[PDB]
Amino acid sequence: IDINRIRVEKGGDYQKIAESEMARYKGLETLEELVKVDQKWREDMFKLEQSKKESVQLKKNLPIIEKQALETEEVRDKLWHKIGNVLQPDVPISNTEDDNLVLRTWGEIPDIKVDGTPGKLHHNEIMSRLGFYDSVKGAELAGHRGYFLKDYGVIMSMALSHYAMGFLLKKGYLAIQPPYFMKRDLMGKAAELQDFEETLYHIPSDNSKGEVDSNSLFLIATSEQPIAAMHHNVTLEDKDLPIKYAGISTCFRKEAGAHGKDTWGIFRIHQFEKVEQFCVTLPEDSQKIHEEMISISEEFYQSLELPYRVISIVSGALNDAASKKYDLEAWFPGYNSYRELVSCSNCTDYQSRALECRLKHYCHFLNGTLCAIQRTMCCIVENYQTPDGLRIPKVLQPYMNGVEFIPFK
């Protein structure tokens, strides 16, 4: 009796998905269909268990049950990807970003009142007056948002990368530079569906008529994607992990949904560098490591003396993989606001189950920005500006051969 009535256990999982999907403001539409296909998959699986282990020529009904079950097994698995990860209980339940929960704030806001004068400028106005970047000729060669890095733009970019990578290595992180493009089947298991339409550049195979074949390549939007897919069909023991990765790479993003938004300077671009945190933990250690990864990012920007605030993103705005995401918004005197510099998410076993990173039980994947070089430079520039030039943060001065100040060209 209770054996068949164990459907309470299966119905209890559908309840947790329903509560999370409602908090994501997804309307529980894809969920109601997944419940029906799951039963029909259980109906087809029970028929496929017709072992026939003992003059019946039923050997023709066996291929009919196998292929028909796979036709519904792929339809059922295609829906389990559209369902978002179950949110954690302390996630703000709201559909607008104006309800993002501010957790803590560090640093006093500077006295710069951006008005277009040399004493208070926007990041693009300072960097263009310092010969940092070239967007006129960069857009001529690569289209909108294209740019060159020049002079101390390259020097500060290299200095900030060394200080960022060294920051994680001193905390026991493992340095890693991944491939900058991935194949279709691997990228599909690491990136959301919206990433393909909005973000990922597509390099199709020759003579494929531009279609997405199995040999299609996609440039990485972050080192999170190749480092996550790096654990494909990998089993790890409790003695092997936790693993902390210090990823560094260039990032390619189409920004197709950010049309017209932030097009001056190098705040939002198609190509940028980023030093990344990626951690593989036990399910028990996931929440403890998530708070560690965000405090490491807090510590990094405290040493840059950039005021910031750490907020928790609302439920209706999260990606499908995040069970909870923390954002570090640093102070930009130009925009007179806090602007996003670091995202730190606890994805639990969303991608690891897709990638079959077994421990059925799976590992928990977490990712977090440490420093997006190009955008952090925009924040450094707006805070360390003077009417006579740019000041260099003390932590970066050793990496720049000792320079303390840069005058306007």
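All residue numbers refer to positions in the sequence shown, first residue = 1.
Counting the unmodelled positions of the deposited sequence between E54 and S55 gives a long gap of 10 or more residues. According to the entry, the deposited sequence has 4 to 9 residues without coordinates between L359 and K360.
Checked against the record, the higher mean CA B factor of 113-121 and 134-142 lies with 113-121.
Of the two segments examined, 1-9 and 400-408, it is 1-9 that shows the higher average Cα temperature factor in the deposited entry.
As recorded in the PDB entry, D98 shows the highest C-alpha B-factor of the residues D327, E198, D98, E224.
Across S352, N367, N61, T376, the entry's maximum B-factor at the CA atom is seen for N61. In this PDB entry, the Cα temperature factor of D285 sits in the top third of its chain's modelled residues, the highest group.
Residue-level temperature factors show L79 in the highest third of its chain, judged at the C-alpha atom.
In the PDB entry, a CA B factor belonging to the highest third of its chain's modelled residues is recorded for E211. In this PDB entry, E66 carries a Cα temperature factor that places it within the highest third of its chain's modelled residues. When the modelled residues of the chain are ordered by their C-alpha B factor, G107 lands in the highest third.
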